[PDB]
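Structure first, then comments.
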Amino acid sequence: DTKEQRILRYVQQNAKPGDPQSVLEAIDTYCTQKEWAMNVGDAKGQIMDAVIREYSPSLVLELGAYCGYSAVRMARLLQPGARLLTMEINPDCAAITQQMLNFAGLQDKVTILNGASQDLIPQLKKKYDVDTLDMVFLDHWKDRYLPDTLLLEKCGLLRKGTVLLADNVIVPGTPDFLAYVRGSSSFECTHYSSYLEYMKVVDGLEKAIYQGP
Ligand SMILES: CCCNc1ncnc2c1ncn2[C@@H]1O[C@H](/C=C/CNC(=O)c2cc(-c3ccc(F)cc3)cc(O)c2O)[C@H](C)[C@H]1O
Ligand SMILES: [Cl-]
Ligand SMILES: [Cl-]
Ligand SMILES: [Mg+2]
């Protein structure tokens, strides 16, 4: 029996179905009082919320769902008709994420795809009828942020103005991605200093807006 399952169970035992805020609060409580987990957390989550509200994206892609905390956070702020696609390679996590979103009442706004980003990304246009993405949240293995950003561009999924938002650019860090976007004339970057989830350790988010080829 796993930490991720215990988080889901705590949410089901404690939170209110159909109430996304209650779900986020239950997770944050569990992870503060019982067992730490790598959810984006409330400190960085508040920055995410502010970014999402500012840009009002119609189509968001998330890479790495884990237990669905960030999916709940984002989906709850989407305008009617806007959608989130989230990719999660681990089948157990994909199931936890789906159940988390079901419990929150957000399942109508989110599609959880169980597979590898590098396999699914090239299918988005043909199989999922995507044109371009308005926002991308990166929170999967940190060494895959750069390879997947480059793949998104190759597949024609980025447009002028697409907002990339990357977790953990300080800890654990994503040094190739961060150096790449900050050095590239095709991205305009902003750093949001914050704290590692549930810890008094500095971390941050990077926002990188695609400028076109
Ligand atoms: C190759 C397949 C790629 N394609 C993929 N396609 C689809 N899904 C993918 C792909 N690659 C991975 N995933 C999924 O994303 C998730 C993985 C997320 C990884 N996140 C961290 O490692 C982290 C660590 C810390 C941390 C900080 C301080 C510490 F002391 C300890 C830990 C903090 C944080 O906020 C962190 O997000 C999920 C578990 C995993 O199955
Ligand atoms: Cl998360
Ligand atoms: Cl936090
Ligand atoms: Mg993270």
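In the structure tokens, chains take the letters A, B, ... in the order shown, each chain's residues start at 1, and ligands count up from 1 in the order shown.
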Within 12 Å of range 143-160 of chain A, which residues of range 98-136 of chain A show up? Give each one with its shortest atom-to-atom distance in Å (one decimal) and the two atoms involved, counting only C-alpha atoms, rows by chain then rising residue number, as a Markdown table.
| residue | atom | partner | partner_atom | distance |
| --- | --- | --- | --- | --- |
| A:116 | CA | A:148 | CA | 10.5 |
| A:117 | CA | A:148 | CA | 7.4 |
| A:118 | CA | A:148 | CA | 6.8 |
| A:119 | CA | A:151 | CA | 10.3 |
| A:120 | CA | A:152 | CA | 10.6 |
| A:121 | CA | A:152 | CA | 6.9 |
| A:122 | CA | A:155 | CA | 6.2 |
| A:123 | CA | A:155 | CA | 9.1 |
| A:124 | CA | A:157 | CA | 8.4 |
| A:125 | CA | A:157 | CA | 8.0 |
| A:126 | CA | A:155 | CA | 10.9 |
| A:129 | CA | A:157 | CA | 11.3 |
| A:130 | CA | A:157 | CA | 8.0 |
| A:131 | CA | A:157 | CA | 6.6 |
| A:132 | CA | A:157 | CA | 4.4 |
| A:133 | CA | A:157 | CA | 5.8 |
| A:134 | CA | A:159 | CA | 7.7 |
| A:135 | CA | A:158 | CA | 8.8 |
| A:136 | CA | A:149 | CA | 9.2 |
Would you output that residue set with N, CA and C atoms, as a PDB file, in the first residue's frame?
ATOM      1  N   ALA A 116       3.629   7.889 -22.071  1.00  0.00           N
ATOM      2  CA  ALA A 116       4.792   8.762 -22.104  1.00  0.00           C
ATOM      3  C   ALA A 116       4.557   9.994 -22.985  1.00  0.00           C
ATOM      4  N   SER A 117       4.953  11.149 -22.468  1.00  0.00           N
ATOM      5  CA  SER A 117       4.849  12.403 -23.192  1.00  0.00           C
ATOM      6  C   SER A 117       5.466  12.305 -24.592  1.00  0.00           C
ATOM      7  N   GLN A 118       6.605  11.635 -24.701  1.00  0.00           N
ATOM      8  CA  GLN A 118       7.299  11.611 -25.968  1.00  0.00           C
ATOM      9  C   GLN A 118       6.546  10.766 -26.992  1.00  0.00           C
ATOM     10  N   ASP A 119       5.695   9.862 -26.507  1.00  0.00           N
ATOM     11  CA  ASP A 119       4.863   9.057 -27.392  1.00  0.00           C
ATOM     12  C   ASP A 119       3.526   9.766 -27.701  1.00  0.00           C
ATOM     13  N   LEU A 120       2.981  10.483 -26.720  1.00  0.00           N
ATOM     14  CA  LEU A 120       1.661  11.109 -26.892  1.00  0.00           C
ATOM     15  C   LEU A 120       1.701  12.444 -27.595  1.00  0.00           C
ATOM     16  N   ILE A 121       2.740  13.226 -27.331  1.00  0.00           N
ATOM     17  CA  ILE A 121       2.846  14.562 -27.921  1.00  0.00           C
ATOM     18  C   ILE A 121       2.663  14.533 -29.447  1.00  0.00           C
ATOM     19  N   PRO A 122       3.350  13.601 -30.141  1.00  0.00           N
ATOM     20  CA  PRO A 122       3.215  13.576 -31.595  1.00  0.00           C
ATOM     21  C   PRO A 122       1.845  13.102 -32.083  1.00  0.00           C
ATOM     22  N   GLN A 123       0.980  12.648 -31.183  1.00  0.00           N
ATOM     23  CA  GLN A 123      -0.373  12.230 -31.558  1.00  0.00           C
ATOM     24  C   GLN A 123      -1.430  13.298 -31.309  1.00  0.00           C
ATOM     25  N   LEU A 124      -1.066  14.389 -30.644  1.00  0.00           N
ATOM     26  CA  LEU A 124      -2.077  15.346 -30.202  1.00  0.00           C
ATOM     27  C   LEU A 124      -2.874  15.957 -31.347  1.00  0.00           C
ATOM     28  N   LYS A 125      -2.197  16.319 -32.429  1.00  0.00           N
ATOM     29  CA  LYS A 125      -2.899  16.971 -33.530  1.00  0.00           C
ATOM     30  C   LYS A 125      -3.845  16.016 -34.248  1.00  0.00           C
ATOM     31  N   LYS A 126      -3.389  14.808 -34.543  1.00  0.00           N
ATOM     32  CA  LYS A 126      -4.210  13.900 -35.350  1.00  0.00           C
ATOM     33  C   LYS A 126      -5.249  13.165 -34.507  1.00  0.00           C
ATOM     34  N   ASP A 129      -7.198  16.032 -32.009  1.00  0.00           N
ATOM     35  CA  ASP A 129      -7.683  17.231 -32.690  1.00  0.00           C
ATOM     36  C   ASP A 129      -7.209  18.544 -32.017  1.00  0.00           C
ATOM     37  N   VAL A 130      -5.938  18.595 -31.638  1.00  0.00           N
ATOM     38  CA  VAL A 130      -5.341  19.827 -31.110  1.00  0.00           C
ATOM     39  C   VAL A 130      -4.755  20.628 -32.269  1.00  0.00           C
ATOM     40  N   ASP A 131      -4.898  21.958 -32.248  1.00  0.00           N
ATOM     41  CA  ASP A 131      -4.148  22.839 -33.148  1.00  0.00           C
ATOM     42  C   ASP A 131      -2.876  23.264 -32.427  1.00  0.00           C
ATOM     43  N   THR A 132      -2.978  24.275 -31.569  1.00  0.00           N
ATOM     44  CA  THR A 132      -1.854  24.676 -30.732  1.00  0.00           C
ATOM     45  C   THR A 132      -2.267  24.808 -29.276  1.00  0.00           C
ATOM     46  N   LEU A 133      -1.267  24.763 -28.413  1.00  0.00           N
ATOM     47  CA  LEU A 133      -1.489  24.868 -26.976  1.00  0.00           C
ATOM     48  C   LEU A 133      -1.384  26.313 -26.502  1.00  0.00           C
ATOM     49  N   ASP A 134      -2.200  26.691 -25.534  1.00  0.00           N
ATOM     50  CA  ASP A 134      -2.098  28.028 -24.961  1.00  0.00           C
ATOM     51  C   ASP A 134      -1.152  28.073 -23.771  1.00  0.00           C
ATOM     52  N   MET A 135      -1.065  26.968 -23.043  1.00  0.00           N
ATOM     53  CA  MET A 135      -0.190  26.876 -21.885  1.00  0.00           C
ATOM     54  C   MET A 135       0.262  25.457 -21.697  1.00  0.00           C
ATOM     55  N   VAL A 136       1.475  25.303 -21.157  1.00  0.00           N
ATOM     56  CA  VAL A 136       2.077  24.002 -20.835  1.00  0.00           C
ATOM     57  C   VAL A 136       2.671  24.110 -19.441  1.00  0.00           C
TER      58      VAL A 136
END
How would you write, as a PyMOL selection string, the set of residues in range 140-186 of chain A that DSSP gives as helix (DSSP H, G or I)? chain A and resi 142-154+169-173+175-183
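The smallest atom-to-atom distance between residue 20 in chain A and any of A:103, A:198, A:55, A:180, using only C-alpha atoms, is found for A:103.
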Considering only C-alpha atoms and all ligand atoms, tabulate each residue of chain A that lies at most 7 Å from ligand 1 along with its nearest interatomic pair and the corresponding distance in Å to one decimal; arrange the rows by chain and ascending residue number and present them as CSV.
residue,atom,partner,partner_atom_place_in_ligand_line,distance
A:38,CA,ligand 1,34 (C),4.5
A:39,CA,ligand 1,35 (O),5.8
A:40,CA,ligand 1,35 (O),5.3
A:63,CA,ligand 1,7 (C),5.6
A:64,CA,ligand 1,15 (O),3.3
A:65,CA,ligand 1,15 (O),5.7
A:66,CA,ligand 1,38 (C),4.4
A:87,CA,ligand 1,7 (C),4.8
A:88,CA,ligand 1,8 (N),3.6
A:89,CA,ligand 1,8 (N),4.0
A:90,CA,ligand 1,41 (O),4.3
A:93,CA,ligand 1,41 (O),6.6
A:115,CA,ligand 1,7 (C),5.9
A:116,CA,ligand 1,6 (N),3.7
A:117,CA,ligand 1,6 (N),3.8
A:118,CA,ligand 1,4 (N),6.0
A:139,CA,ligand 1,37 (O),5.2
A:140,CA,ligand 1,15 (O),3.6
A:141,CA,ligand 1,19 (C),4.2
A:142,CA,ligand 1,19 (C),6.4
A:144,CA,ligand 1,3 (C),5.8
A:167,CA,ligand 1,35 (O),6.4
A:168,CA,ligand 1,35 (O),5.6
A:171,CA,ligand 1,27 (C),5.6
A:172,CA,ligand 1,27 (C),5.1
A:196,CA,ligand 1,27 (C),6.8
A:197,CA,ligand 1,35 (O),6.7
Could those residues be written to a file, using N, CA, C and O atoms, as a short mmCIF file (atom, residue, chain, number, x, y, z; two decimals), in the first residue's frame?
data_model
loop_
_atom_site.label_atom_id
_atom_site.label_comp_id
_atom_site.auth_asym_id
_atom_site.auth_seq_id
_atom_site.Cartn_x
_atom_site.Cartn_y
_atom_site.Cartn_z
N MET A 38 5.47 15.10 -3.41
CA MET A 38 5.93 16.06 -4.39
C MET A 38 4.81 16.70 -5.22
O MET A 38 4.92 16.86 -6.43
N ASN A 39 3.74 17.10 -4.55
CA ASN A 39 2.72 17.95 -5.16
C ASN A 39 3.27 19.36 -5.27
O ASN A 39 4.15 19.73 -4.51
N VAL A 40 2.77 20.16 -6.20
CA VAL A 40 3.34 21.49 -6.37
C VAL A 40 3.20 22.31 -5.09
O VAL A 40 4.02 23.19 -4.82
N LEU A 63 2.48 18.05 -18.18
CA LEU A 63 3.37 16.91 -18.30
C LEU A 63 3.75 16.45 -16.91
O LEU A 63 4.44 17.17 -16.18
N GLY A 64 3.26 15.26 -16.55
CA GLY A 64 3.43 14.74 -15.20
C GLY A 64 2.28 15.11 -14.27
O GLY A 64 2.21 16.22 -13.77
N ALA A 65 1.36 14.21 -14.05
CA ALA A 65 0.24 14.48 -13.14
C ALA A 65 0.50 14.12 -11.68
O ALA A 65 0.00 14.79 -10.78
N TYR A 66 1.22 13.02 -11.46
CA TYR A 66 1.48 12.49 -10.14
C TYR A 66 0.13 12.11 -9.49
O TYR A 66 -0.48 11.12 -9.92
N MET A 87 -0.71 14.36 -19.11
CA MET A 87 -0.04 13.13 -19.45
C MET A 87 0.69 12.56 -18.23
O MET A 87 1.46 13.24 -17.57
N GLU A 88 0.49 11.27 -18.01
CA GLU A 88 1.05 10.57 -16.86
C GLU A 88 1.40 9.15 -17.26
O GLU A 88 0.53 8.34 -17.55
N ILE A 89 2.69 8.88 -17.27
CA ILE A 89 3.22 7.61 -17.74
C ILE A 89 2.99 6.44 -16.76
O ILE A 89 2.87 5.29 -17.17
N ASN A 90 2.93 6.73 -15.47
CA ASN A 90 2.78 5.68 -14.47
C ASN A 90 1.30 5.34 -14.32
O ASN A 90 0.50 6.20 -13.99
N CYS A 93 -0.37 6.17 -10.90
CA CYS A 93 -0.59 7.60 -10.73
C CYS A 93 -1.70 8.11 -11.64
O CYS A 93 -2.45 9.01 -11.28
N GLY A 115 0.33 7.55 -20.59
CA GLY A 115 1.38 7.20 -21.52
C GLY A 115 2.54 8.17 -21.36
O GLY A 115 2.45 9.14 -20.60
N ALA A 116 3.63 7.89 -22.07
CA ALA A 116 4.79 8.76 -22.10
C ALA A 116 4.56 9.99 -22.99
O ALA A 116 4.07 9.89 -24.13
N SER A 117 4.95 11.15 -22.47
CA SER A 117 4.85 12.40 -23.19
C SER A 117 5.47 12.30 -24.59
O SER A 117 4.90 12.79 -25.56
N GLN A 118 6.60 11.63 -24.70
CA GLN A 118 7.30 11.61 -25.97
C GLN A 118 6.55 10.77 -26.99
O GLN A 118 6.71 10.94 -28.20
N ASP A 139 6.14 19.36 -15.12
CA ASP A 139 6.39 18.91 -13.75
C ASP A 139 6.68 17.41 -13.69
O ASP A 139 6.40 16.76 -12.71
N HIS A 140 7.25 16.88 -14.76
CA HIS A 140 7.62 15.48 -14.83
C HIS A 140 9.13 15.30 -14.49
O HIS A 140 9.68 16.13 -13.77
N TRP A 141 9.80 14.25 -14.98
CA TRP A 141 11.21 14.12 -14.65
C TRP A 141 11.97 15.33 -15.19
O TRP A 141 11.73 15.79 -16.31
N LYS A 142 12.86 15.87 -14.38
CA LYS A 142 13.41 17.18 -14.67
C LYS A 142 14.31 17.16 -15.92
O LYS A 142 14.44 18.16 -16.61
N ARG A 144 13.56 15.76 -18.58
CA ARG A 144 12.71 15.67 -19.76
C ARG A 144 12.08 17.01 -20.12
O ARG A 144 11.43 17.11 -21.16
N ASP A 167 7.81 23.82 -13.10
CA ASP A 167 8.06 23.63 -11.67
C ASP A 167 9.52 23.24 -11.41
O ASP A 167 10.21 22.70 -12.29
N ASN A 168 9.98 23.52 -10.18
CA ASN A 168 11.21 22.96 -9.65
C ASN A 168 12.45 23.44 -10.36
O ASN A 168 13.42 22.70 -10.48
N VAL A 171 14.92 23.53 -7.16
CA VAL A 171 15.07 22.23 -6.54
C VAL A 171 13.94 21.30 -6.99
O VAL A 171 12.77 21.62 -6.82
N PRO A 172 14.29 20.13 -7.54
CA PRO A 172 15.64 19.62 -7.80
C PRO A 172 16.43 20.40 -8.85
O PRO A 172 17.64 20.20 -8.96
N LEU A 196 9.77 25.22 -1.99
CA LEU A 196 9.46 23.83 -2.19
C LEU A 196 8.22 23.47 -1.39
O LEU A 196 8.04 23.89 -0.25
N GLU A 197 7.35 22.69 -2.01
CA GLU A 197 6.14 22.24 -1.35
C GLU A 197 6.42 21.76 0.07
O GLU A 197 7.27 20.91 0.31
#
I want to know what sits within 7 Å of residue 209 in chain A, based on only C-alpha atoms, with residues of the same chain fewer than 6 positions away left out; could you give that as a PyMOL selection string? chain A and resi 161-164+187-189
Show me which residues sit within 12 Å of ligand 3 when counting only C-alpha atoms and all ligand atoms, and put them as a PyMOL selection string. chain A and resi 24-25+27-33+36-47+69+194-204
Written file, previous selection with C-alpha atoms, as a tab-separated table (two decimals), in the first residue's frame:
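The resulting file, selection_16.tsv, is reproduced below:
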chain	number	residue	atom	x	y	z
A	24	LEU	CA	-6.48	20.78	-2.25
A	25	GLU	CA	-6.67	21.60	1.50
A	27	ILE	CA	-3.86	17.08	0.38
A	28	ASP	CA	-1.87	19.99	1.83
A	29	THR	CA	-2.86	18.98	5.36
A	30	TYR	CA	-1.90	15.36	4.81
A	31	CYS	CA	1.44	16.31	3.31
A	32	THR	CA	2.24	18.73	6.10
A	33	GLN	CA	1.12	16.65	9.04
A	36	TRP	CA	5.56	14.74	2.49
A	37	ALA	CA	4.81	14.31	-1.22
A	38	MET	CA	5.93	16.06	-4.39
A	39	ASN	CA	2.72	17.95	-5.16
A	40	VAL	CA	3.34	21.49	-6.37
A	41	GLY	CA	1.99	22.66	-3.02
A	42	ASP	CA	0.25	25.76	-1.80
A	43	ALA	CA	3.14	28.23	-2.05
A	44	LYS	CA	3.91	27.61	-5.70
A	45	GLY	CA	0.25	26.73	-6.26
A	46	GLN	CA	-0.79	30.29	-5.44
A	47	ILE	CA	1.65	31.55	-8.13
A	69	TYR	CA	-2.98	18.08	-7.25
A	194	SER	CA	8.88	30.60	-3.98
A	195	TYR	CA	9.29	27.54	-1.71
A	196	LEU	CA	9.46	23.83	-2.19
A	197	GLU	CA	6.14	22.24	-1.35
A	198	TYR	CA	5.62	21.81	2.41
A	199	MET	CA	9.20	22.92	3.18
A	200	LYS	CA	11.21	25.99	4.10
A	201	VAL	CA	13.50	25.52	1.11
A	202	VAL	CA	13.63	28.04	-1.75
A	203	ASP	CA	12.34	26.83	-5.11
A	204	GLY	CA	10.72	28.60	-8.02
For residue 112 in chain A, list every protein, DNA or RNA residue within 8 Å, evaluated using only C-alpha atoms, and leave out those in the same chain fewer than 5 positions away; present the list as a VMD selection string. chain A and resid 85 to 88 94 97 to 98
Could you save those same residues with N, CA, C and O atoms as a short mmCIF file (atom, residue, chain, number, x, y, z; two decimals), in the first residue's frame?
data_model
loop_
_atom_site.label_atom_id
_atom_site.label_comp_id
_atom_site.auth_asym_id
_atom_site.auth_seq_id
_atom_site.Cartn_x
_atom_site.Cartn_y
_atom_site.Cartn_z
N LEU A 85 -5.36 18.89 -20.76
CA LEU A 85 -4.88 17.55 -21.07
C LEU A 85 -3.69 17.29 -20.16
O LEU A 85 -2.77 18.07 -20.13
N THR A 86 -3.68 16.14 -19.51
CA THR A 86 -2.53 15.82 -18.67
C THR A 86 -2.02 14.43 -18.97
O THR A 86 -2.76 13.47 -19.13
N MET A 87 -0.71 14.36 -19.11
CA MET A 87 -0.04 13.13 -19.45
C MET A 87 0.69 12.56 -18.23
O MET A 87 1.46 13.24 -17.57
N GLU A 88 0.49 11.27 -18.01
CA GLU A 88 1.05 10.57 -16.86
C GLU A 88 1.40 9.15 -17.26
O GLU A 88 0.53 8.34 -17.55
N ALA A 94 -1.80 7.56 -12.84
CA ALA A 94 -2.83 8.04 -13.75
C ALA A 94 -4.20 7.73 -13.15
O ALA A 94 -5.13 8.53 -13.27
N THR A 97 -4.86 10.08 -10.19
CA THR A 97 -5.19 11.40 -10.73
C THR A 97 -6.65 11.44 -11.25
O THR A 97 -7.40 12.37 -10.97
N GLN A 98 -7.04 10.43 -12.01
CA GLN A 98 -8.41 10.38 -12.51
C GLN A 98 -9.42 10.37 -11.37
O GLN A 98 -10.40 11.10 -11.40
#
Can you work out which one of A:137, A:177, A:192, A:210 has the shortest atom-to-atom distance to residue 70 in chain A, counting only C-alpha atoms? A:137
Skipping near chain neighbours, those fewer than 4 positions away, what residues fall within 9 Å of residue 53 in chain A using only C-alpha atoms, listed as a PyMOL selection string? chain A and resi 48-49+57+77-78
Could you pull the residues within 7 Å of residue 8 in chain A, counting only C-alpha atoms, minus those fewer than 4 positions along the same chain, as an mmCIF file with N, CA, C and O atoms, in the first residue's frame?
data_model
loop_
_atom_site.group_PDB
_atom_site.id
_atom_site.type_symbol
_atom_site.label_atom_id
_atom_site.label_comp_id
_atom_site.auth_asym_id
_atom_site.auth_seq_id
_atom_site.Cartn_x
_atom_site.Cartn_y
_atom_site.Cartn_z
ATOM 1 N N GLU A 4 0.898 7.350 -2.380
ATOM 2 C CA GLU A 4 -0.058 7.994 -3.258
ATOM 3 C C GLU A 4 -1.479 7.519 -2.953
ATOM 4 O O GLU A 4 -2.427 8.310 -2.937
ATOM 5 N N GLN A 12 -10.553 11.161 0.281
ATOM 6 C CA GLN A 12 -11.885 10.543 0.285
ATOM 7 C C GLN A 12 -12.494 10.459 1.694
ATOM 8 O O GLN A 12 -13.701 10.582 1.866
ATOM 9 N N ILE A 96 -4.858 7.292 -9.872
ATOM 10 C CA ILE A 96 -5.072 8.168 -8.712
ATOM 11 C C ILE A 96 -5.518 9.552 -9.170
ATOM 12 O O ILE A 96 -6.464 10.119 -8.629
ATOM 13 N N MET A 100 -8.911 11.459 -8.319
ATOM 14 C CA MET A 100 -8.838 12.747 -7.624
ATOM 15 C C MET A 100 -9.705 13.794 -8.314
ATOM 16 O O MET A 100 -10.436 14.531 -7.665
#
Just give me the gap between CA of residue 60 in chain A and CA of residue 84 in chain A in Å, one decimal is fine. 4.7 Å
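Proximity of A:67, A:110, A:75, A:61 to ligand 4, computed with only C-alpha atoms and all ligand atoms, is greatest for A:67.
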Counting only C-alpha atoms and all ligand atoms, the residue among A:184, A:206, A:62, A:213 that lies closest to ligand 2 is A:62
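Between CA of residue 56 in chain A and CA of residue 106 in chain A lies a distance of 17.0 Å.
The interatomic distance for the pair CA of residue 71 in chain A and CA of residue 15 in chain A works out to 16.7 Å.
Nearest to residue 73 in chain A of all the residues A:111, A:35, A:21, A:14 is A:21, based on only C-alpha atoms.
The nearest approach to ligand 4 among the residues A:185, A:23, A:212, A:68, with only C-alpha atoms and all ligand atoms taken into account, belongs to A:68.
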Enumerate, as an MDAnalysis selection string, the complete set of residues in range 17-187 of chain A that a backbone-based DSSP assignment places in strand (DSSP E or B). chainID A and resid 59:63 83:87 110:113 133:138 158:166 187
